[PDB]
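Trainee: Next comes the structure file final.cif, holding mmCIF, N, CA and C atoms.
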```
data_data
loop_
_atom_site.group_PDB
_atom_site.id
_atom_site.type_symbol
_atom_site.label_atom_id
_atom_site.label_comp_id
_atom_site.auth_asym_id
_atom_site.auth_seq_id
_atom_site.Cartn_x
_atom_site.Cartn_y
_atom_site.Cartn_z
ATOM 1 N N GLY A 1 -18.340 13.465 -9.266
ATOM 2 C CA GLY A 1 -17.470 13.307 -8.067
ATOM 3 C C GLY A 1 -15.996 13.408 -8.403
ATOM 4 N N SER A 2 -15.179 12.617 -7.715
ATOM 5 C CA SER A 2 -13.739 12.619 -7.944
ATOM 6 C C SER A 2 -13.278 11.283 -8.515
ATOM 7 N N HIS A 3 -12.105 11.286 -9.140
ATOM 8 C CA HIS A 3 -11.551 10.073 -9.730
ATOM 9 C C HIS A 3 -12.482 9.517 -10.804
ATOM 10 N N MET A 4 -11.977 8.567 -11.582
ATOM 11 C CA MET A 4 -12.763 7.954 -12.647
ATOM 12 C C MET A 4 -13.427 6.670 -12.161
ATOM 13 N N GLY A 5 -12.633 5.611 -12.030
ATOM 14 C CA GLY A 5 -13.161 4.339 -11.575
ATOM 15 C C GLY A 5 -13.706 4.410 -10.163
ATOM 16 N N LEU A 6 -12.967 5.068 -9.278
ATOM 17 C CA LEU A 6 -13.382 5.208 -7.886
ATOM 18 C C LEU A 6 -13.530 3.843 -7.222
ATOM 19 N N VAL A 7 -12.728 2.882 -7.671
ATOM 20 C CA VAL A 7 -12.770 1.534 -7.120
ATOM 21 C C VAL A 7 -11.582 1.282 -6.196
ATOM 22 N N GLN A 8 -11.867 0.766 -5.005
ATOM 23 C CA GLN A 8 -10.821 0.480 -4.028
ATOM 24 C C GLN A 8 -10.894 -0.971 -3.564
ATOM 25 N N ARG A 9 -9.734 -1.554 -3.278
ATOM 26 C CA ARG A 9 -9.666 -2.938 -2.822
ATOM 27 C C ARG A 9 -8.833 -3.050 -1.549
ATOM 28 N N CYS A 10 -9.382 -3.725 -0.546
ATOM 29 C CA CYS A 10 -8.690 -3.904 0.725
ATOM 30 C C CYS A 10 -7.672 -5.037 0.636
ATOM 31 N N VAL A 11 -6.444 -4.758 1.066
ATOM 32 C CA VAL A 11 -5.381 -5.752 1.036
ATOM 33 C C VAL A 11 -4.496 -5.647 2.273
ATOM 34 N N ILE A 12 -4.666 -6.585 3.197
ATOM 35 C CA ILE A 12 -3.882 -6.597 4.427
ATOM 36 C C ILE A 12 -2.532 -7.275 4.212
ATOM 37 N N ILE A 13 -1.462 -6.579 4.578
ATOM 38 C CA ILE A 13 -0.114 -7.113 4.425
ATOM 39 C C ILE A 13 0.391 -7.710 5.734
ATOM 40 N N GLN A 14 1.088 -8.837 5.635
ATOM 41 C CA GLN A 14 1.628 -9.509 6.811
ATOM 42 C C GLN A 14 3.154 -9.451 6.817
ATOM 43 N N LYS A 15 3.718 -8.985 7.925
ATOM 44 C CA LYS A 15 5.165 -8.880 8.060
ATOM 45 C C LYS A 15 5.792 -10.250 8.292
ATOM 46 N N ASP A 16 6.947 -10.480 7.675
ATOM 47 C CA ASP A 16 7.649 -11.751 7.816
ATOM 48 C C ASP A 16 8.988 -11.556 8.521
ATOM 49 N N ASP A 17 9.792 -12.613 8.554
ATOM 50 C CA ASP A 17 11.101 -12.558 9.197
ATOM 51 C C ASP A 17 11.984 -11.502 8.541
ATOM 52 N N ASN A 18 11.789 -11.298 7.242
ATOM 53 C CA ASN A 18 12.569 -10.317 6.497
ATOM 54 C C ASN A 18 11.887 -8.952 6.515
ATOM 55 N N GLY A 19 10.560 -8.958 6.445
ATOM 56 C CA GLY A 19 9.810 -7.715 6.455
ATOM 57 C C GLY A 19 9.002 -7.516 5.188
ATOM 58 N N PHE A 20 8.250 -6.421 5.134
ATOM 59 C CA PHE A 20 7.427 -6.117 3.970
ATOM 60 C C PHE A 20 8.286 -5.977 2.717
ATOM 61 N N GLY A 21 7.967 -6.767 1.697
ATOM 62 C CA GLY A 21 8.720 -6.717 0.457
ATOM 63 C C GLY A 21 8.328 -5.538 -0.413
ATOM 64 N N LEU A 22 7.024 -5.322 -0.564
ATOM 65 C CA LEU A 22 6.521 -4.220 -1.376
ATOM 66 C C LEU A 22 7.046 -2.882 -0.866
ATOM 67 N N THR A 23 7.364 -1.985 -1.795
ATOM 68 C CA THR A 23 7.879 -0.668 -1.440
ATOM 69 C C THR A 23 7.032 0.435 -2.066
ATOM 70 N N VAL A 24 6.878 1.540 -1.342
ATOM 71 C CA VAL A 24 6.093 2.669 -1.826
ATOM 72 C C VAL A 24 6.935 3.939 -1.874
ATOM 73 N N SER A 25 6.528 4.884 -2.716
ATOM 74 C CA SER A 25 7.248 6.144 -2.855
ATOM 75 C C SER A 25 6.297 7.277 -3.225
ATOM 76 N N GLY A 26 6.411 8.397 -2.517
ATOM 77 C CA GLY A 26 5.555 9.536 -2.787
ATOM 78 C C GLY A 26 5.644 10.600 -1.712
ATOM 79 N N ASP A 27 5.971 11.824 -2.114
ATOM 80 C CA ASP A 27 6.087 12.933 -1.173
ATOM 81 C C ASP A 27 4.762 13.176 -0.458
ATOM 82 N N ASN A 28 3.838 13.845 -1.142
ATOM 83 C CA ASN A 28 2.529 14.139 -0.572
ATOM 84 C C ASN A 28 1.655 12.887 -0.554
ATOM 85 N N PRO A 29 1.377 12.308 -1.735
ATOM 86 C CA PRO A 29 0.553 11.103 -1.851
ATOM 87 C C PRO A 29 1.308 9.847 -1.425
ATOM 88 N N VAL A 30 0.733 8.687 -1.725
ATOM 89 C CA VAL A 30 1.354 7.417 -1.374
ATOM 90 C C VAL A 30 0.921 6.312 -2.335
ATOM 91 N N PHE A 31 1.860 5.843 -3.148
ATOM 92 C CA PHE A 31 1.578 4.787 -4.114
ATOM 93 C C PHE A 31 2.685 3.737 -4.115
ATOM 94 N N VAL A 32 2.295 2.474 -4.260
ATOM 95 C CA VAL A 32 3.254 1.376 -4.280
ATOM 96 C C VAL A 32 3.961 1.290 -5.627
ATOM 97 N N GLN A 33 5.288 1.326 -5.600
ATOM 98 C CA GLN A 33 6.081 1.253 -6.821
ATOM 99 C C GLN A 33 6.508 -0.184 -7.110
ATOM 100 N N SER A 34 6.926 -0.892 -6.068
ATOM 101 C CA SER A 34 7.361 -2.277 -6.210
ATOM 102 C C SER A 34 6.546 -3.200 -5.308
ATOM 103 N N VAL A 35 6.432 -4.462 -5.706
ATOM 104 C CA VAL A 35 5.681 -5.443 -4.932
ATOM 105 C C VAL A 35 6.433 -6.766 -4.843
ATOM 106 N N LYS A 36 6.346 -7.413 -3.685
ATOM 107 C CA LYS A 36 7.017 -8.688 -3.470
ATOM 108 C C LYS A 36 6.383 -9.790 -4.310
ATOM 109 N N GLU A 37 7.007 -10.099 -5.443
ATOM 110 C CA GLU A 37 6.500 -11.135 -6.335
ATOM 111 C C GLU A 37 6.645 -12.515 -5.702
ATOM 112 N N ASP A 38 5.558 -13.279 -5.703
ATOM 113 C CA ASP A 38 5.564 -14.618 -5.127
ATOM 114 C C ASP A 38 5.921 -14.568 -3.645
ATOM 115 N N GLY A 39 5.519 -13.491 -2.982
ATOM 116 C CA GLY A 39 5.804 -13.339 -1.566
ATOM 117 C C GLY A 39 4.599 -12.866 -0.778
ATOM 118 N N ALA A 40 4.851 -12.171 0.325
ATOM 119 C CA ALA A 40 3.778 -11.660 1.169
ATOM 120 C C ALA A 40 2.890 -10.689 0.397
ATOM 121 N N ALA A 41 3.508 -9.875 -0.450
ATOM 122 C CA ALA A 41 2.773 -8.900 -1.249
ATOM 123 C C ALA A 41 1.881 -9.591 -2.272
ATOM 124 N N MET A 42 2.443 -10.561 -2.985
ATOM 125 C CA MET A 42 1.696 -11.298 -3.997
ATOM 126 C C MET A 42 0.530 -12.053 -3.368
ATOM 127 N N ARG A 43 0.745 -12.565 -2.161
ATOM 128 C CA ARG A 43 -0.289 -13.309 -1.450
ATOM 129 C C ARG A 43 -1.363 -12.370 -0.909
ATOM 130 N N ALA A 44 -0.958 -11.149 -0.572
ATOM 131 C CA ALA A 44 -1.884 -10.155 -0.043
ATOM 132 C C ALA A 44 -2.718 -9.521 -1.156
ATOM 133 N N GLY A 45 -2.281 -9.697 -2.400
ATOM 134 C CA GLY A 45 -3.003 -9.134 -3.525
ATOM 135 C C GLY A 45 -2.611 -7.697 -3.809
ATOM 136 N N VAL A 46 -1.310 -7.455 -3.937
ATOM 137 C CA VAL A 46 -0.806 -6.116 -4.211
ATOM 138 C C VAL A 46 -0.393 -5.977 -5.674
ATOM 139 N N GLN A 47 -0.563 -4.778 -6.221
ATOM 140 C CA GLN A 47 -0.208 -4.516 -7.612
ATOM 141 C C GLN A 47 0.860 -3.431 -7.707
ATOM 142 N N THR A 48 1.699 -3.522 -8.735
ATOM 143 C CA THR A 48 2.764 -2.547 -8.941
ATOM 144 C C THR A 48 2.200 -1.219 -9.434
ATOM 145 N N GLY A 49 2.569 -0.137 -8.758
ATOM 146 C CA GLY A 49 2.091 1.177 -9.144
ATOM 147 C C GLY A 49 0.667 1.433 -8.687
ATOM 148 N N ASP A 50 0.315 0.900 -7.522
ATOM 149 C CA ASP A 50 -1.027 1.075 -6.975
ATOM 150 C C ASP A 50 -1.094 2.313 -6.086
ATOM 151 N N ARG A 51 -2.273 2.926 -6.024
ATOM 152 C CA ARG A 51 -2.471 4.119 -5.208
ATOM 153 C C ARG A 51 -2.928 3.745 -3.803
ATOM 154 N N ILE A 52 -2.347 4.402 -2.802
ATOM 155 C CA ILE A 52 -2.696 4.138 -1.412
ATOM 156 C C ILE A 52 -3.695 5.165 -0.891
ATOM 157 N N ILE A 53 -4.853 4.685 -0.449
ATOM 158 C CA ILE A 53 -5.894 5.559 0.075
ATOM 159 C C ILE A 53 -5.702 5.805 1.567
ATOM 160 N N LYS A 54 -5.507 4.726 2.319
ATOM 161 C CA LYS A 54 -5.311 4.825 3.760
ATOM 162 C C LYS A 54 -4.631 3.571 4.303
ATOM 163 N N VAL A 55 -4.062 3.685 5.498
ATOM 164 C CA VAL A 55 -3.378 2.561 6.129
ATOM 165 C C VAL A 55 -4.019 2.209 7.468
ATOM 166 N N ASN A 56 -4.664 1.048 7.522
ATOM 167 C CA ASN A 56 -5.321 0.595 8.743
ATOM 168 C C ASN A 56 -6.397 1.583 9.182
ATOM 169 N N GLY A 57 -7.152 2.093 8.215
ATOM 170 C CA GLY A 57 -8.205 3.043 8.520
ATOM 171 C C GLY A 57 -7.664 4.377 8.994
ATOM 172 N N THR A 58 -6.458 4.715 8.553
ATOM 173 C CA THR A 58 -5.828 5.974 8.935
ATOM 174 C C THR A 58 -5.217 6.669 7.723
ATOM 175 N N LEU A 59 -5.756 7.834 7.382
ATOM 176 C CA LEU A 59 -5.265 8.600 6.241
ATOM 177 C C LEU A 59 -3.800 8.982 6.436
ATOM 178 N N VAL A 60 -3.070 9.084 5.330
ATOM 179 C CA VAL A 60 -1.657 9.443 5.379
ATOM 180 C C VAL A 60 -1.437 10.866 4.876
ATOM 181 N N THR A 61 -1.050 11.755 5.785
ATOM 182 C CA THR A 61 -0.805 13.149 5.434
ATOM 183 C C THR A 61 0.666 13.507 5.619
ATOM 184 N N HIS A 62 1.010 14.752 5.311
ATOM 185 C CA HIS A 62 2.387 15.220 5.444
ATOM 186 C C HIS A 62 3.320 14.430 4.533
ATOM 187 N N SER A 63 4.412 15.063 4.119
ATOM 188 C CA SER A 63 5.385 14.418 3.246
ATOM 189 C C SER A 63 6.539 13.834 4.055
ATOM 190 N N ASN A 64 6.585 12.509 4.140
ATOM 191 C CA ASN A 64 7.637 11.828 4.884
ATOM 192 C C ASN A 64 7.524 10.315 4.729
ATOM 193 N N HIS A 65 8.390 9.744 3.897
ATOM 194 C CA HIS A 65 8.389 8.306 3.662
ATOM 195 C C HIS A 65 8.628 7.544 4.962
ATOM 196 N N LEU A 66 9.511 8.080 5.800
ATOM 197 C CA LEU A 66 9.828 7.455 7.080
ATOM 198 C C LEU A 66 8.563 7.242 7.903
ATOM 199 N N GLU A 67 7.692 8.245 7.909
ATOM 200 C CA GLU A 67 6.441 8.160 8.650
ATOM 201 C C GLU A 67 5.578 7.033 8.098
ATOM 202 N N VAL A 68 5.502 6.949 6.772
ATOM 203 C CA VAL A 68 4.722 5.905 6.123
ATOM 204 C C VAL A 68 5.312 4.538 6.445
ATOM 205 N N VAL A 69 6.630 4.431 6.317
ATOM 206 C CA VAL A 69 7.326 3.186 6.613
ATOM 207 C C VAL A 69 7.112 2.796 8.070
ATOM 208 N N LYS A 70 7.259 3.772 8.963
ATOM 209 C CA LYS A 70 7.067 3.538 10.385
ATOM 210 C C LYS A 70 5.618 3.160 10.661
ATOM 211 N N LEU A 71 4.704 3.806 9.946
ATOM 212 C CA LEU A 71 3.281 3.536 10.100
ATOM 213 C C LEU A 71 2.959 2.118 9.643
ATOM 214 N N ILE A 72 3.516 1.730 8.500
ATOM 215 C CA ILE A 72 3.291 0.393 7.965
ATOM 216 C C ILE A 72 3.972 -0.658 8.839
ATOM 217 N N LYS A 73 5.202 -0.367 9.252
ATOM 218 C CA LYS A 73 5.960 -1.285 10.097
ATOM 219 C C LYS A 73 5.438 -1.279 11.535
ATOM 220 N N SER A 74 4.601 -0.294 11.863
ATOM 221 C CA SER A 74 4.038 -0.174 13.208
ATOM 222 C C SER A 74 3.559 -1.523 13.739
ATOM 223 N N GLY A 75 3.130 -2.397 12.832
ATOM 224 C CA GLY A 75 2.656 -3.709 13.236
ATOM 225 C C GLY A 75 2.824 -4.748 12.146
ATOM 226 N N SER A 76 2.877 -6.016 12.543
ATOM 227 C CA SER A 76 3.035 -7.110 11.591
ATOM 228 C C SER A 76 1.920 -7.087 10.552
ATOM 229 N N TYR A 77 0.678 -7.151 11.023
ATOM 230 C CA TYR A 77 -0.478 -7.132 10.136
ATOM 231 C C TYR A 77 -1.106 -5.743 10.101
ATOM 232 N N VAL A 78 -1.013 -5.086 8.951
ATOM 233 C CA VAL A 78 -1.573 -3.749 8.790
ATOM 234 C C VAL A 78 -2.355 -3.634 7.488
ATOM 235 N N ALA A 79 -3.593 -3.158 7.588
ATOM 236 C CA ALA A 79 -4.445 -2.997 6.417
ATOM 237 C C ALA A 79 -3.946 -1.861 5.533
ATOM 238 N N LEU A 80 -4.073 -2.035 4.221
ATOM 239 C CA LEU A 80 -3.631 -1.022 3.271
ATOM 240 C C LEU A 80 -4.661 -0.821 2.166
ATOM 241 N N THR A 81 -5.550 0.149 2.361
ATOM 242 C CA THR A 81 -6.581 0.446 1.375
ATOM 243 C C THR A 81 -5.975 1.141 0.160
ATOM 244 N N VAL A 82 -5.939 0.433 -0.965
ATOM 245 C CA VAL A 82 -5.377 0.981 -2.192
ATOM 246 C C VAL A 82 -6.454 1.189 -3.251
ATOM 247 N N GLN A 83 -6.073 1.818 -4.358
ATOM 248 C CA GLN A 83 -7.001 2.082 -5.449
ATOM 249 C C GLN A 83 -6.360 1.767 -6.797
ATOM 250 N N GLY A 84 -7.134 1.146 -7.683
ATOM 251 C CA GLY A 84 -6.624 0.798 -8.995
ATOM 252 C C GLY A 84 -7.628 0.011 -9.816
ATOM 253 N N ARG A 85 -7.772 0.378 -11.085
ATOM 254 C CA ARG A 85 -8.704 -0.301 -11.975
ATOM 255 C C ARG A 85 -7.958 -1.194 -12.967
ATOM 256 N N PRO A 86 -8.166 -2.523 -12.894
ATOM 257 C CA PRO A 86 -7.505 -3.473 -13.795
ATOM 258 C C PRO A 86 -7.678 -3.096 -15.263
ATOM 259 N N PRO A 87 -6.966 -3.791 -16.167
ATOM 260 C CA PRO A 87 -7.044 -3.525 -17.608
ATOM 261 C C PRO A 87 -8.482 -3.525 -18.118
ATOM 262 N N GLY A 88 -8.650 -3.201 -19.396
ATOM 263 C CA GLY A 88 -9.974 -3.168 -19.985
ATOM 264 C C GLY A 88 -10.038 -3.898 -21.313
ATOM 265 N N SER A 89 -9.170 -4.888 -21.483
ATOM 266 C CA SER A 89 -9.129 -5.667 -22.716
ATOM 267 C C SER A 89 -8.844 -4.772 -23.918
#
```
Here is the file; what I need is its structure written in the form of structure tokens.
Mentor:
Amino acid sequence: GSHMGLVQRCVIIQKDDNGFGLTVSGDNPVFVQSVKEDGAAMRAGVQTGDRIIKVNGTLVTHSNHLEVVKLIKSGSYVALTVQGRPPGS
């Protein structure tokens, strides 16, 4: 098939008075570069440099960070299906 681990973990992010702390960057694809340490991101179970599969059951196409940001900000609570395999000792 595709990918190696092929493992995905569901992590719903909750918007606060300040907003989503974690930040993502990627033209075509979508991966989280920074995460809110000890914040909404840390509580949601987000990892730095994680791959984004879909947002709220909606695939992300086209190259436009604004669209992703708008899509994520579209609502306070938005699901973010990411992909990543923890260390291996």
Trainee: I need the residue set behind the PyMOL selection byres ((chain A and resi 12) around 5) for this file; please write it as a ChimeraX atom specification.
Mentor: /A:10-11,13-14,78-80
Trainee: In Å, how far is it from atom C of residue 81 of chain A to atom N of residue 38 of chain A?
Mentor: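 Going from atom C of residue 81 of chain A over to atom N of residue 38 of chain A, I get 19.4 Å.
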Trainee: List every residue of chain A that DSSP, applied to the backbone of this structure, assigns to strand (DSSP E), and report them as a PyMOL selection string.
Mentor: chain A and resi 8-14+23-25+31-34+50-55+77-83
Trainee: The selected residues should be written to file as a CSV table (one decimal), in the coordinates of the input (atoms: N, CA and C atoms).
Mentor:
```csv
chain,number,residue,atom,x,y,z
A,8,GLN,N,-11.9,0.8,-5.0
A,8,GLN,CA,-10.8,0.5,-4.0
A,8,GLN,C,-10.9,-1.0,-3.6
A,9,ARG,N,-9.7,-1.6,-3.3
A,9,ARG,CA,-9.7,-2.9,-2.8
A,9,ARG,C,-8.8,-3.0,-1.5
A,10,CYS,N,-9.4,-3.7,-0.5
A,10,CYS,CA,-8.7,-3.9,0.7
A,10,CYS,C,-7.7,-5.0,0.6
A,11,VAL,N,-6.4,-4.8,1.1
A,11,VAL,CA,-5.4,-5.8,1.0
A,11,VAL,C,-4.5,-5.6,2.3
A,12,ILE,N,-4.7,-6.6,3.2
A,12,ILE,CA,-3.9,-6.6,4.4
A,12,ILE,C,-2.5,-7.3,4.2
A,13,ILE,N,-1.5,-6.6,4.6
A,13,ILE,CA,-0.1,-7.1,4.4
A,13,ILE,C,0.4,-7.7,5.7
A,14,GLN,N,1.1,-8.8,5.6
A,14,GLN,CA,1.6,-9.5,6.8
A,14,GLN,C,3.2,-9.5,6.8
A,23,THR,N,7.4,-2.0,-1.8
A,23,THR,CA,7.9,-0.7,-1.4
A,23,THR,C,7.0,0.4,-2.1
A,24,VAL,N,6.9,1.5,-1.3
A,24,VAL,CA,6.1,2.7,-1.8
A,24,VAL,C,6.9,3.9,-1.9
A,25,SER,N,6.5,4.9,-2.7
A,25,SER,CA,7.2,6.1,-2.9
A,25,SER,C,6.3,7.3,-3.2
A,31,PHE,N,1.9,5.8,-3.1
A,31,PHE,CA,1.6,4.8,-4.1
A,31,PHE,C,2.7,3.7,-4.1
A,32,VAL,N,2.3,2.5,-4.3
A,32,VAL,CA,3.3,1.4,-4.3
A,32,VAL,C,4.0,1.3,-5.6
A,33,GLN,N,5.3,1.3,-5.6
A,33,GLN,CA,6.1,1.3,-6.8
A,33,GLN,C,6.5,-0.2,-7.1
A,34,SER,N,6.9,-0.9,-6.1
A,34,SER,CA,7.4,-2.3,-6.2
A,34,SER,C,6.5,-3.2,-5.3
A,50,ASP,N,0.3,0.9,-7.5
A,50,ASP,CA,-1.0,1.1,-7.0
A,50,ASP,C,-1.1,2.3,-6.1
A,51,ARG,N,-2.3,2.9,-6.0
A,51,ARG,CA,-2.5,4.1,-5.2
A,51,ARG,C,-2.9,3.7,-3.8
A,52,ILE,N,-2.3,4.4,-2.8
A,52,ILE,CA,-2.7,4.1,-1.4
A,52,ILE,C,-3.7,5.2,-0.9
A,53,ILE,N,-4.9,4.7,-0.4
A,53,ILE,CA,-5.9,5.6,0.1
A,53,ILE,C,-5.7,5.8,1.6
A,54,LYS,N,-5.5,4.7,2.3
A,54,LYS,CA,-5.3,4.8,3.8
A,54,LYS,C,-4.6,3.6,4.3
A,55,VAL,N,-4.1,3.7,5.5
A,55,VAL,CA,-3.4,2.6,6.1
A,55,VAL,C,-4.0,2.2,7.5
A,77,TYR,N,0.7,-7.2,11.0
A,77,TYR,CA,-0.5,-7.1,10.1
A,77,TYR,C,-1.1,-5.7,10.1
A,78,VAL,N,-1.0,-5.1,9.0
A,78,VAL,CA,-1.6,-3.7,8.8
A,78,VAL,C,-2.4,-3.6,7.5
A,79,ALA,N,-3.6,-3.2,7.6
A,79,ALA,CA,-4.4,-3.0,6.4
A,79,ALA,C,-3.9,-1.9,5.5
A,80,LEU,N,-4.1,-2.0,4.2
A,80,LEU,CA,-3.6,-1.0,3.3
A,80,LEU,C,-4.7,-0.8,2.2
A,81,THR,N,-5.6,0.1,2.4
A,81,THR,CA,-6.6,0.4,1.4
A,81,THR,C,-6.0,1.1,0.2
A,82,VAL,N,-5.9,0.4,-1.0
A,82,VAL,CA,-5.4,1.0,-2.2
A,82,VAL,C,-6.5,1.2,-3.3
A,83,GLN,N,-6.1,1.8,-4.4
A,83,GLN,CA,-7.0,2.1,-5.4
A,83,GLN,C,-6.4,1.8,-6.8
```
Trainee: For a quick check of your reading of the model, name the residues lying within 8 Å of the coordinate (-12.0, 3.8, -15.7), counting all atoms listed in the file, and write them as a list in words.
Mentor: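 Residues with an atom at most 8 Å from (-12.0, 3.8, -15.7): residues 3, 4, 5, 6, 85 and 86 of chain A.
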Trainee: Please dump the current selection as a PDB file, in the coordinates of the input; keep N, CA and C atoms.
Mentor:
```pdb
ATOM      1  N   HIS A   3     -12.105  11.286  -9.140  1.00  0.00           N
ATOM      2  CA  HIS A   3     -11.551  10.073  -9.730  1.00  0.00           C
ATOM      3  C   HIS A   3     -12.482   9.517 -10.804  1.00  0.00           C
ATOM      4  N   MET A   4     -11.977   8.567 -11.582  1.00  0.00           N
ATOM      5  CA  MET A   4     -12.763   7.954 -12.647  1.00  0.00           C
ATOM      6  C   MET A   4     -13.427   6.670 -12.161  1.00  0.00           C
ATOM      7  N   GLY A   5     -12.633   5.611 -12.030  1.00  0.00           N
ATOM      8  CA  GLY A   5     -13.161   4.339 -11.575  1.00  0.00           C
ATOM      9  C   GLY A   5     -13.706   4.410 -10.163  1.00  0.00           C
ATOM     10  N   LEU A   6     -12.967   5.068  -9.278  1.00  0.00           N
ATOM     11  CA  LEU A   6     -13.382   5.208  -7.886  1.00  0.00           C
ATOM     12  C   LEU A   6     -13.530   3.843  -7.222  1.00  0.00           C
ATOM     13  N   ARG A  85      -7.772   0.378 -11.085  1.00  0.00           N
ATOM     14  CA  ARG A  85      -8.704  -0.301 -11.975  1.00  0.00           C
ATOM     15  C   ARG A  85      -7.958  -1.194 -12.967  1.00  0.00           C
ATOM     16  N   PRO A  86      -8.166  -2.523 -12.894  1.00  0.00           N
ATOM     17  CA  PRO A  86      -7.505  -3.473 -13.795  1.00  0.00           C
ATOM     18  C   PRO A  86      -7.678  -3.096 -15.263  1.00  0.00           C
TER      19      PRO A  86
END
```
Trainee: Run the PyMOL selection byres (((chain A and resi 21-31 and name CA) around 10) and name CA) against the file shown and list the residues it catches, as a PyMOL selection string.
Mentor: chain A and resi 13-16+18-20+32-37+39-42+46-54+60-65+68-69+82-83
Trainee: As JSON, what would the box around segment 60-74 of chain A look like: edges along x, y and z, 3 Å added on every side, centre and edge lengths in Å to one decimal?
Mentor:
```
{"center_x": 3.4, "center_y": 6.8, "center_z": 8.5, "size_x": 18.9, "size_y": 22.7, "size_z": 16.5}
```
Trainee: Can you work out the spacing between atom C of residue 17 of chain A and atom C of residue 59 of chain A in Å, to one decimal?
Mentor: 25.9 Å
Trainee: Pull the helix (DSSP H, G or I) assignments for chain A out of DSSP run on the backbone, and list those residues as a ChimeraX atom specification.
Mentor: /A:40-44,65-73
Trainee: Hey, can you check how far atom N of residue 89 of chain A sits from atom CA of residue 55 of chain A?
Mentor: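 Between these atoms lies a distance of 29.2 Å.
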Trainee: Hey, which of A:58, A:66, A:72, A:77 ends up closest to residue 44 of chain A? Count only C-alpha atoms.
Mentor: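 The answer is A:77, which sits nearest to residue 44 of chain A.
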